[PDB]
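J.: Can you keep this structure in mind? I'll have questions shortly.
A short reminder: the numbers here are calculations on the coordinates, not readings from a lab. Every residue, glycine as well, gets a Cβ built from its backbone with ideal geometry; the counts of neighbours run over all protein chains shown.
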Amino acid sequence: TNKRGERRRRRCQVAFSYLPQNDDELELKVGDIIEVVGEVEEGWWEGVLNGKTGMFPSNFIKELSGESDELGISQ
């Protein structure tokens with residue numbers, strides 16, 4: 001639950017296909033950068049991609065979560 005990070009909108013990079021749209025989610029096609037909610041979904045994020053908003057279980061998307069070598073590095 002690294003909400004202490006960049007807060008609100010935090011940017012993560014997505015891997016290959018976040019396909020997950022049922023109602024109104026984002027699709028991260030091969031390698032998109034998101035700025036979602038960050039760690040607010042602890043291990044999961046919620047955010048927007050190129051204006052397409054959604055949320056993922058960081059499944060296809062790995063990156064972010066409070067930087068300054070605190071991306072899980074020194075906690």
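J.: Which count do you get for residues in segment 21-75 that are acidic (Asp, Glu) and in a strand (DSSP E or B)?
T.: Residues meeting the conditions: 3.
J.: Also: Given the conditions (1) charged (D, E, K, R); (2) in contact with a strand residue (DSSP E or B) (Cβ under 9 Å, 6 or more places away or on another chain); (3) crowded, with 16+ Cβ neighbours inside 10 Å; (4) in a loop (DSSP other than H, G, I, E, B), report the number of the one that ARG9 does not fulfil.
T.: So the condition that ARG9 fails would be (3).
J.: Of all residues in segment 43-75 being over 8 Å from the mean Cα position of the chain (by Cα) and aliphatic (A, V, I, L, M), which is surrounded by the most Cβ atoms within 10 Å (Cβ to Cβ)?
T.: Within segment 43-75, the match that is surrounded by the most Cβ atoms within 10 Å (Cβ to Cβ) is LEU49.
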